[PDB]
There are 20 protein chains.
Amino acid sequence: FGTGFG
Amino acid sequence: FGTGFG
Amino acid sequence: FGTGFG
Amino acid sequence: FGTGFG
Amino acid sequence: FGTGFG
Amino acid sequence: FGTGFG
Amino acid sequence: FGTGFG
Amino acid sequence: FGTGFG
Amino acid sequence: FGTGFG
Amino acid sequence: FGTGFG
Amino acid sequence: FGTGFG
Amino acid sequence: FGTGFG
Amino acid sequence: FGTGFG
Amino acid sequence: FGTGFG
Amino acid sequence: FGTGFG
Amino acid sequence: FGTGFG
Amino acid sequence: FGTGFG
Amino acid sequence: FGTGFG
Amino acid sequence: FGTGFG
Amino acid sequence: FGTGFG
């Protein structure tokens with residue numbers, strides 16, 4: 001899995 | 001923004 | 001699956 | 001906006 | 001399936 | 001707007 | 001199936 | 001939007 | 001197989 | 001957005 | 001196999 | 001964003 | 001195998 | 001921003 | 001960000 | 001796994 | 001094997 | 001910022 | 001940052 | 001084997 005926010 | 005996969 | 005918002 | 005698939 | 005709004 | 005399929 | 005509004 | 005299968 | 005977009 | 005499988 | 005983007 | 005597998 | 005980005 | 005995978 | 005395996 | 005913020 | 005970055 | 005892997 | 005193994 | 005940096 002992979003995730004990011006910004 | 002935010003994103004994810006898995 | 002995959003998801004995003006922004 | 002928002003989106004998803006799975 | 002797939003979905004989006006915006 | 002909004003959309004989906006499945 | 002598929003659907004949309006806007 | 002659109003979808004199909006076979 | 002199947003595909004969709006929106 | 002879009003998705004597919006086979 | 002499968003793929004998607006958004 | 002995007003993802004796939006096979 | 002699989003891959004994703006965001 | 002923040003990100004992770006695993 | 002991104003990730004993959006095989 | 002891997003993670004970062006900033 | 002696997003790899004990722006962010 | 002901060003980061004880690006393992 | 002990044003990481004990998006095999 | 002494995003490697004990483006940050």
# chains A, B, ... in the order shown; residues from 1 in each chain; ligands from 1
call {"tool": "interface_residues", "arguments": {"of": "chain A", "to": "chain L", "cutoff": "10 Å", "atoms": "only C-alpha atoms", "output": "PyMOL selection string"}}
result
chain A and resi 1-4
call {"tool": "select_by_dssp", "arguments": {"residues": "chain F", "states": "strand (DSSP E or B)", "output": "VMD selection string"}}
result
chain F and resid 2 to 5
call {"tool": "write_last_selection", "arguments": {"atoms": "N, CA and C atoms", "output": "JSON list (two decimals), in the first residue's frame"}}
result
[["chain", "number", "residue", "atom", "x", "y", "z"],
["F", 2, "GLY", "N", -21.58, 14.06, -9.77],
["F", 2, "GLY", "CA", -21.17, 12.79, -9.15],
["F", 2, "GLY", "C", -21.39, 11.66, -10.13],
["F", 3, "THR", "N", -20.56, 10.63, -10.07],
["F", 3, "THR", "CA", -20.70, 9.50, -10.98],
["F", 3, "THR", "C", -20.20, 8.23, -10.30],
["F", 4, "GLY", "N", -20.73, 7.13, -10.75],
["F", 4, "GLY", "CA", -20.21, 5.83, -10.33],
["F", 4, "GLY", "C", -20.61, 4.72, -11.28],
["F", 5, "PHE", "N", -19.83, 3.67, -11.28],
["F", 5, "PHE", "CA", -20.14, 2.45, -12.05],
["F", 5, "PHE", "C", -19.70, 1.25, -11.22]]
